[PDB]
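The structure tokens that follow cover one protein chain in two forms, given apart as structure 1 and structure 2.
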Structure 1
């Protein structure tokens, strides 16, 4: 596995730590769209939707290259994948950018330029489960240990990008005074058309029902799982082993119930209440 270290208080792959100053001083464009998420909150889904909205349903164009090549992952720097920062550097407008950075670590240019930001939050228990399996299959990230160990690791924020709680909280507090659309993975799953419409309005695109319906179809889990440009199948096998756990794993809400013991659930809820707001009303515990 690739090594990780602390940069500005959060675990990151070693190569990200080494280029922090470069990341911090990222140069945004006023017309950049930023997709911001805690890892495994629904980044790939949201990116696919946002591009399809921007290109008005042009499914052929979204198949031009895989997700990681289409969308610069700002803080990412991994051997065989290059630097997301430099991917963006070279890229002409309109850019659709990705980050998992907690809000306090966000390159200030993105705020200075008042870029439209889409933040997606996900139920933390499903988020833990998704991140657990991701660490099992992704060798750029630390070994997760046993489920029992990982539960504690996640709870304490000792995973890359830090505390889930701090992450969702900082971004929620930020939405009040910045150009942020704050969405929930669960709302997207329950009524994708409604959330896609909300996205389009925020992006400033008027779409008719036909195109909206088309985006709902192409961005459904069962369709995206089969799309070799959207399912992370194109990542070198030396980094992501889909036979351990596929990137497009389940795409469901409530998978956490199959993983959490009642004891873990009670400990999680107790811990949550201590760390955590109106944000709480948007999750089902």
Structure 2
């Protein structure tokens, strides 16, 4: 499949059909009970959405009863527009580019961050499959492209940091993909509680049943030391912190 056009919009690479609708995305109309799931690409968006659906129903069979990406257009705006409330919305936007209605209405946002080395590997494969995304080049090229943030939705570093800095003054639950992998029950309960559910010592277990390090096989040691030196320079407010 031939690849589609990708261009800078407000400082980040995006699919050109996204770019073509920027003022529509920006002017997105949120509702107070909207729940937004925000992640860098391949940082757990689908997984988090499933857990959230399940949280909202608790019962696994009535869940086939509702997904739109604010920014996307093959559009996320249209599917959002015609969805009943409470809506579950998705985005890969960096925090400073979030449609302002989402903050004016004080909607609950769940951000999920993933360690950048596994995220780089996943995003590399994603770009290999997805026509709407730029050609990733070889792995060795891609490593440098990602390190520089020359990918859709911008630098991973800017992304996670911007969202982390936001959590103080905006209604954001900041989760780590690795924590969800290690201690799901603990994370599902945090998520439940953020969303307003006082759930059960045993409803958790149903969702826990029903719903890291791999990057080491892909990075050379040289790539790794270069990555870490770069990271140390970009990431200087070390309350923010990842398991690798």
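Only residues modelled in both forms are compared. Superpose the two forms; the largest set of C-alphas matching within 1.5 Å is the rigid core. Residue numbers count along the first chain shown, from 1.
Asker: Please name the one residue from 203, 105, 211, 115 with a C-alpha displacement of 2 Å or more between the two structures, using the rigid core for the superposition.
Answerer: Only 211 moves by 2 Å or more at its C-alpha.
Asker: Hey, does residue 58 budge by 2 Å or more at the Cα between the two structures once the core is superposed?
Answerer: Yes, because once the rigid core is superposed, the C-alpha of residue 58 moves 2 Å or more between the two structures.
Asker: Residue 91: how large is its C-alpha shift between the two structures, with the rigid core as the superposition reference, in Å?
Answerer: On core superposition, this C-alpha lies 1.3 Å from its counterpart.
Asker: May I ask for the C-alpha shift of residue 39 between the two structures, in Å, based on superposition of the rigid core?
Answerer: Reported C-alpha shift between the two structures: 0.6 Å at residue 39.
Asker: Report the shifted segments between the two structures, defined as three or more consecutive common residues with all CA displacements of at least 2 angstroms relative to the rigid core fit.
Answerer: Segments displaced between the two structures after core fit: 57 to 64, 206 to 211, 280 to 283.
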